[PDB]
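*Asks:* What follows is a single structure, and I will ask about it in a moment.
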Amino acid sequence: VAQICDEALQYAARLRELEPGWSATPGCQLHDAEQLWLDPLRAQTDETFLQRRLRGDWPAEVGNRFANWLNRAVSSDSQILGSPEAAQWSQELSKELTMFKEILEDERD
Amino acid sequence: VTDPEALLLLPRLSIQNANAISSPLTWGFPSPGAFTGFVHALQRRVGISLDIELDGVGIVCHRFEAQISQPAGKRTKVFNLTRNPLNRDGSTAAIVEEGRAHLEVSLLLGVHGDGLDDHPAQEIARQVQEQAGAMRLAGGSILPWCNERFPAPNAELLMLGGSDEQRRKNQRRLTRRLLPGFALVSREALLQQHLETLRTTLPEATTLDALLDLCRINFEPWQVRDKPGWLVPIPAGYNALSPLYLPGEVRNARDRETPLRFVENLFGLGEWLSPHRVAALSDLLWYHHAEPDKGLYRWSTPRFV
Amino acid sequence: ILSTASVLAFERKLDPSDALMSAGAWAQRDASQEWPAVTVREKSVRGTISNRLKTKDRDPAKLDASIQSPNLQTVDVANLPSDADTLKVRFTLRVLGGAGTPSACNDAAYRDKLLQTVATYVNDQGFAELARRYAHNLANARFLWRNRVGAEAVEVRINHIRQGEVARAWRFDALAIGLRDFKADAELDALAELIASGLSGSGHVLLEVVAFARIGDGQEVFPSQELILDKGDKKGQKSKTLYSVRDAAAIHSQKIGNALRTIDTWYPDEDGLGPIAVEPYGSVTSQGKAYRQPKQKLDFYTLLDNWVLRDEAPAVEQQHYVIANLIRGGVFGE
Amino acid sequence: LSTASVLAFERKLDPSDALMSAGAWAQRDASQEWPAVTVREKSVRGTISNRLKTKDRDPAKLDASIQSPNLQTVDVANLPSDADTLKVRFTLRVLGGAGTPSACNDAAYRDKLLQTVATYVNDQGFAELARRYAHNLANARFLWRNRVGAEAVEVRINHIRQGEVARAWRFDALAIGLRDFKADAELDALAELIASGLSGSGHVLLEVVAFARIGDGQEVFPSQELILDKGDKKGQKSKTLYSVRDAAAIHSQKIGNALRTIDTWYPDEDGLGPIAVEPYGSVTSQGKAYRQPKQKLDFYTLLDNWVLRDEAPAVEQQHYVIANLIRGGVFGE
């Protein structure tokens with residue numbers, strides 16, 4: 001789980017940075033979560049007082065959305081939901097979300 | 001083995017016509033012994049006018065575009081070749097088969113020596129880049145830099161001075177300078193785990209190198225064996241067989257002031273993690289040990305796990 | 001000894017269109033040409049876990065984890081406008097004719113045997129029985145599958161377009177006419193005369209049906225329901241979708257053509273439980289229960305493949321059954 | 001004997017979408033073409049008020065809490081200042097034949113359910129369900145929020161079968177208590193109408209018009225529709241008020257849960273205010289799971305005892321059983 005999450009983070013970082021220009025535009029609903037994590041550095045012609053919208057945009061919306069998408073697509077045991085395997089999987093999913101947030105929260109800093 | 005004071009860097013070394021044979025029984029990536037040889041050649045053409053030494057080397061392998069083709073819809077892959085000049089009679093040449101690939105890779109160098117405070121950081125990084133730009137790398141050339149302009153700087157840091165969170169800040173600078181790369185370190189740990197779990201039959205390491213890079217299929221207790229990482233069989237040095245001859249004894253040598261030994265090359269096991277798995281970036285270095293009497297030459301990755 | 005062919009296929013007589021709903025004011029229902037259609041649009045719903053949860057795991061931790069943050073989704077709902085109170089449902093139904101003639105076969109002897117059997121039926125006893133029963137299911141509001149339940153006065157208007165104007169106009173009342181009983185009038189026998197003259201090939205007939213069902217001043221109608229795949233997708237997508245046309249709410253042609261062919265009062269368990277949807281193995285889907293079991297010998301396949309291969313006649317009621325599901329269509333044969 | 005795989009029923013007491021209109025004084029004797037309350041939008045400056053971590057050692061949050069604030073859009077449906085009556089108009093029908101299942105599977109379960117609910121209906125009538133439904137219509141419990149702080153919540157329920165009105169009901173919801181299961185005269189006449197509609201002896205169309213007296217342009221609160229991850233902050237991300245064509249409106253499933261209180265025998269304290277009837281009787285308004293399956297106040301236990309195992313519960317539990325056999329719902333495994 002954490003291995004696939006870290007590999008997906010590295011591959012999404014290496015693949016989302018193909019173009020050198022992107023900003024707020026139409027169809028940018030992913031940009032509320034991946035405007036700094038799953039997206040490269042933006043253009044350099046705007047006002048200089050904008051370093052707090054990407055420097056402060058941590059991996060809590062994008063990384064939290066990735067953890068919620070993982071917990072909504074993949075799941076745990078439903079008849080054994082008090083056992084330790086589902087608890088270890090939930091701790092692994094929380095650690096994967098926190099690691100993705102710590103790795104992608106500095107998309108402006 | 002000396003713990004470095006710096007992590008010098010060369011962020012995108014696009015090479016062309018690299019030697020993707022590397023062994024008599026692998027074919028993918030140029031051997032890490034070639035990379036340690038390149039770092040030692042940089043140390044010999046830089047670290048004599050700077051009073052430093054260079055031993056560590058990182059591998060990230062951003063993209064790997066090979067030069068292969070498959071024949072007639074089969075699931076094997078032949079190599080494509082180069083023609084050769086004609087003989088005296090001018091008929092055709094004895095074409096021998098050698099592979100060829102295209103790469104780029106960054107190098108995380110390690111400056112062990114004391115010449116870090118007698119020179120500023122950008123000066124030593126700039127002249128190491130100016131020397132590394134004119135050197136064949138693994139049987140292939142290094143491409144220079146055009147007017148795309150962005151990774152033209154060559155960073156450096158200082159391991160000796162700083163706090164824990166400041167070293168994490170330098171790590172967050174470096175591992176975002178290397179975002180799409182895939183690291184490479186060799187494992188004796190997993191390979192001895194596979195010895196001591198297959199150990200009932202036979203301790204032969206070749207059958208379990210062959211039985212580890214595999215999509216294995218078994219029956220009921222469809223099923224394919226899984227793994228957290230991406231594994232590779234790489235040559236991990238040399239396993240010299242001959243008694244060491246005196247320099248003038250062996251005919252047709254390279255030079256007659258250093259001795260020769262005849263060698264079959266070893267095989268270990270390597271893997272491919274992202275650089276964001278393992279924390280400290282002194283763990284991604286290829287030191288190489290050597291010993292005179294024991295004919296065992298080896299390209300280890302120490303201090304790792 | 002003759003054998004049934006491998007691929008039989010019959011066309012669809014009693015061909016309906018889709019229904020298009022609209023909504024105007026009552027006592028203005030004669031002017032029903034300019035009425036605005038019912039538009040399918042969305043709403044939200046905050047649910048609660050309310051099915052039979054398996055009580056082998058009843059922990060207040062996960063129960064309150066459900067009830068604190070429940071599921072929440074978008075469901076679309078068709079309603080009337082504010083002023084209007086009626087529900088104009090309009091579709092059109094054409095009746096082709098030539099019921100016994102298949103559209104595929106793999107034999108000549110079996111084909112001419114089936115044609116002379118259906119022609120023996122038609123010369124023996126006409127289409128007037130199935131004509132009156134289809135006239136009942138056009139007369140009442142059976143094509144209204146749920147808009148009938150909870151209504152005041154469902155006025156049904158069957159016209160008859162032959163050339164580009166109305167030939168004869170009917171004006172019914174779907175609550176004076178009972179839902180379950182099958183009686184006749186002079187007016188319903190005129191309609192059954194028209195349908196029987198259509199089905200016996202002796203003319204052409206194009207009946208459009210317009211129902212006027214009072215429900216309320218904005219009460220919720222029920223058009224047909226599409227299907228969406230949702231295996232636990234991200235963001236909580238749709239769960240219900242309603243079938244539509246060019247910006248109007250609609251009812252499926254197979255749903256109308258399932259309501260019209262509800263004929264079978266001869267399934268051998270009971271008759272007072274209502275007529276059922278005429279099919280082979282004739283099965284209501286709403287009960288999960290298949291009537292006309294092949295335990296018994298009152299299937300469609302056993303009656304057809306005895307009455308054609310062997311000329312043993314079933315009862316007259318089961319002849320009407322066999323020809324009602326030769327007139328719905330359907331692929332047959334092994 | 002066991003249940004079936006799929007049970008279902010239909011939404012008896014089916015309401016509609018409300019039409020919140022308003023207007024000037026004394027025309028509410030004959031309020032016909034008053035203008036309505038719409039969904040109009042306005043900006044707001046979001047300075048944060050949510051809870052923050054204790055021992056705030058970092059002044060970076062001290063800066064970025066205020067130095068970089070938020071700017072978003074919140075739509076507010078104020079009434080016009082010339083108008084005072086939130087005329088919440090909707091309609092409500094009653095199908096009847098409640099124990100008749102919409103889509104059952106098992107015939108023997110259906111037989112025992114039909115005879116058991118008919119035993120109820122012709123033994124002990126729908127007058128208790130009728131009195132509590134007419135009380136929930138008599139006040140404005142269908143208005144989940146707009147009842148608090150009013151002058152005269154003046155209901156006018158009317159009975160229409162053909163195109164004319166019958167009579168004029170004139171109430172309050174302050175003289176009528178919020179929680180009283182009393183029995184008046186004209187409220188029991190309208191409850192007798194609801195009893196005739198519910199038990200299957202006829203048909204009824206009840207439209208409900210509550211004159212909520214809230215103020216001369218005071219803020220009201222219709223329901224909020226959802227939103228997804230395809231829209232930014234600018235573009236009405238926080239609140240979007242539910243609407244019909246150039247008017248604000250109230251949902252049908254929301255009123256249709258706020259007109260179905262029969263369950264005032266949940267175990268904790270009925271004196272703390274009644275609830276809304278559901279199987280596994282739960283209130284997400286307070287998030288707490290009353291009627292645990294650990295206990296025997298679970299409705300599925302009640303129905304599986306009053307049908308399958310042939311052990312009848314208390315009469316008040318049976319009023320609850322037919323309350324959520326008459327609200328509708330999916331059932332079965």
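Ordering of the structure tokens sets the chain letters (A, B, ...); residue numbers start at 1 within each chain; ligands are numbered from 1 in the order shown.
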Give as a list in words every residue of chain C that touches chain D within 8 Å, counting only C-alpha atoms.
*Replies:*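 Those within range of chain D come out as residues 43, 44, 45, 50, 51, 52, 55, 58, 60, 63, 64, 67, 68, 73, 74, 149, 150, 152, 216, 217, 218, 219, 220, 235, 286, 287, 288 and 289 of chain C.
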*Asks:* Any idea what's packed within 7 Å of residue 185 in chain B, counting only C-alpha atoms, ignoring anything in its chain fewer than 6 positions away? Could you give it as a list in words?
*Replies:*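 Surrounding residues, per the criterion: residues 270, 271, 284 and 301 of chain B.
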*Asks:* I want to know what sits within 8 Å of residue 32 in chain B, based on only C-alpha atoms, with residues of the same chain fewer than 5 positions away left out; could you give that as a ChimeraX atom specification?
*Replies:* /B:235-236,286,299
*Asks:* Please produce a file of those selected residues containing N, CA, C and O atoms, as a compact mmCIF listing (two decimals), in the first residue's frame.
*Replies:*
```
# COMPACT_ATOMS: atom_id res chain seq x y z
N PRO B 235 25.69 -6.77 -12.49
CA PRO B 235 27.00 -7.26 -12.08
C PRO B 235 27.53 -6.45 -10.90
O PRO B 235 27.56 -5.23 -10.94
N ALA B 236 27.95 -7.16 -9.86
CA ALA B 236 28.42 -6.53 -8.63
C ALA B 236 29.91 -6.78 -8.43
O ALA B 236 30.36 -7.09 -7.33
N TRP B 286 27.85 4.39 -4.12
CA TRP B 286 28.51 3.16 -4.53
C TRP B 286 30.00 3.27 -4.23
O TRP B 286 30.81 3.60 -5.09
N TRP B 299 31.58 -4.02 -5.81
CA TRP B 299 30.95 -2.71 -5.94
C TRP B 299 29.78 -2.66 -4.97
O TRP B 299 28.63 -2.89 -5.35
```
*Asks:* Near chain C, which residues of chain A fall within 7 Å when you count only C-alpha atoms, and what do they look like as a VMD selection string?
*Replies:* chain A and resid 69 72 to 73
*Asks:* Write out as CSV a residue-level contact list of chain A versus chain D with cut-off 10 Å: for each qualifying residue the closest pair of atoms and the distance in Å to one decimal, counting only C-alpha atoms, rows sorted by chain and residue number upward.
*Replies:*
```
residue,atom,partner,partner_atom,distance
A:24,CA,D:232,CA,9.6
A:26,CA,D:231,CA,9.4
A:27,CA,D:230,CA,7.2
A:28,CA,D:230,CA,7.1
A:29,CA,D:230,CA,3.8
A:30,CA,D:230,CA,6.9
A:31,CA,D:232,CA,8.6
A:32,CA,D:232,CA,6.7
A:33,CA,D:229,CA,8.7
A:50,CA,D:68,CA,9.9
A:52,CA,D:68,CA,7.5
A:53,CA,D:68,CA,8.7
A:56,CA,D:64,CA,8.8
A:65,CA,D:229,CA,9.6
```
*Asks:* Just to be explicit: take each residue in the selection above, keep N, CA, C and O atoms, and write the result as a short mmCIF file (atom, residue, chain, number, x, y, z; two decimals), in the first residue's frame.
*Replies:*
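Output saved as part.cif:
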```cif
data_model
loop_
_atom_site.label_atom_id
_atom_site.label_comp_id
_atom_site.auth_asym_id
_atom_site.auth_seq_id
_atom_site.Cartn_x
_atom_site.Cartn_y
_atom_site.Cartn_z
N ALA A 24 -4.49 29.13 -12.93
CA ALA A 24 -5.93 28.99 -12.73
C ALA A 24 -6.65 29.22 -14.05
O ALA A 24 -6.50 30.27 -14.68
N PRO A 26 -10.16 27.36 -16.77
CA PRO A 26 -11.36 26.51 -16.76
C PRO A 26 -11.00 25.04 -16.77
O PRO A 26 -9.99 24.62 -17.36
N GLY A 27 -11.84 24.24 -16.11
CA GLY A 27 -11.55 22.84 -15.91
C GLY A 27 -10.46 22.55 -14.91
O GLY A 27 -9.89 21.45 -14.93
N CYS A 28 -10.16 23.50 -14.02
CA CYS A 28 -9.09 23.36 -13.04
C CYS A 28 -9.59 22.88 -11.68
O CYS A 28 -9.06 23.30 -10.64
N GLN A 29 -10.60 22.01 -11.66
CA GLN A 29 -11.11 21.47 -10.40
C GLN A 29 -10.10 20.54 -9.74
O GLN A 29 -10.11 20.39 -8.52
N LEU A 30 -9.22 19.92 -10.54
CA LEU A 30 -8.08 19.21 -9.97
C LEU A 30 -7.06 20.16 -9.37
O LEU A 30 -6.33 19.76 -8.46
N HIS A 31 -7.01 21.41 -9.83
CA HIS A 31 -6.08 22.41 -9.34
C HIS A 31 -6.35 22.86 -7.91
O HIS A 31 -5.48 23.49 -7.30
N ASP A 32 -7.53 22.56 -7.36
CA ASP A 32 -7.75 22.78 -5.94
C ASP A 32 -7.04 21.73 -5.09
O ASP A 32 -6.82 21.95 -3.89
N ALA A 33 -6.68 20.60 -5.69
CA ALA A 33 -5.95 19.56 -4.98
C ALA A 33 -4.58 19.32 -5.59
O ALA A 33 -3.60 19.08 -4.87
N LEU A 50 2.06 36.51 -4.50
CA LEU A 50 1.27 35.31 -4.72
C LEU A 50 2.00 34.05 -4.27
O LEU A 50 1.62 32.94 -4.67
N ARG A 52 1.98 32.78 -1.34
CA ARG A 52 1.28 32.16 -0.23
C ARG A 52 0.13 31.27 -0.66
O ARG A 52 -0.45 30.57 0.18
N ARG A 53 -0.22 31.27 -1.95
CA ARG A 53 -1.27 30.41 -2.46
C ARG A 53 -0.75 29.06 -2.94
O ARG A 53 -1.55 28.16 -3.21
N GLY A 56 1.78 27.90 0.77
CA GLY A 56 0.94 27.44 1.86
C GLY A 56 -0.02 26.34 1.51
O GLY A 56 -0.61 25.74 2.41
N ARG A 65 -7.38 14.06 -0.49
CA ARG A 65 -8.25 13.54 -1.54
C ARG A 65 -7.71 12.23 -2.11
O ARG A 65 -8.49 11.34 -2.46
#
```
*Asks:* Please identify all polymer residues within 6 Å of residue 265 in chain B, counting only C-alpha atoms, omitting same-chain residues fewer than 6 positions from it, and present them as a short mmCIF file (atom, residue, chain, number, x, y, z; two decimals) with N, CA and C atoms, in the first residue's frame.
*Replies:*
```
data_model
loop_
_atom_site.label_atom_id
_atom_site.label_comp_id
_atom_site.auth_asym_id
_atom_site.auth_seq_id
_atom_site.Cartn_x
_atom_site.Cartn_y
_atom_site.Cartn_z
N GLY B 237 30.68 -6.68 -9.51
CA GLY B 237 32.12 -6.69 -9.42
C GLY B 237 32.73 -7.86 -10.17
N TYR B 238 33.86 -8.32 -9.65
CA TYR B 238 34.82 -9.18 -10.33
C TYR B 238 35.30 -10.24 -9.36
N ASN B 239 35.61 -11.43 -9.87
CA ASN B 239 35.87 -12.62 -9.06
C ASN B 239 37.11 -13.32 -9.60
#
```
*Asks:* With a distance cut-off of 10 Å and only C-alpha atoms, select the neighbouring residues of residue 215 in chain B, excluding the residue or stretch itself and same-chain residues fewer than 3 positions from it, and output the selection as a short mmCIF file (atom, residue, chain, number, x, y, z; two decimals) with N, CA and C atoms, in the first residue's frame.
*Replies:*
```
data_model
loop_
_atom_site.label_atom_id
_atom_site.label_comp_id
_atom_site.auth_asym_id
_atom_site.auth_seq_id
_atom_site.Cartn_x
_atom_site.Cartn_y
_atom_site.Cartn_z
N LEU B 211 15.58 -17.09 -10.63
CA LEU B 211 14.22 -17.28 -10.13
C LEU B 211 13.79 -16.12 -9.22
N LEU B 212 14.25 -14.90 -9.52
CA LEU B 212 13.86 -13.76 -8.71
C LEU B 212 13.40 -12.60 -9.59
N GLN B 223 -2.69 -16.40 -10.14
CA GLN B 223 -1.63 -15.97 -9.23
C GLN B 223 -0.35 -15.63 -9.98
N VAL B 224 0.16 -14.43 -9.73
CA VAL B 224 1.50 -14.00 -10.12
C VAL B 224 2.16 -13.48 -8.85
N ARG B 225 3.42 -13.86 -8.63
CA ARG B 225 4.17 -13.39 -7.47
C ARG B 225 4.33 -11.88 -7.49
N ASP B 226 4.24 -11.26 -6.32
CA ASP B 226 4.31 -9.81 -6.20
C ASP B 226 5.58 -9.39 -5.46
#
```
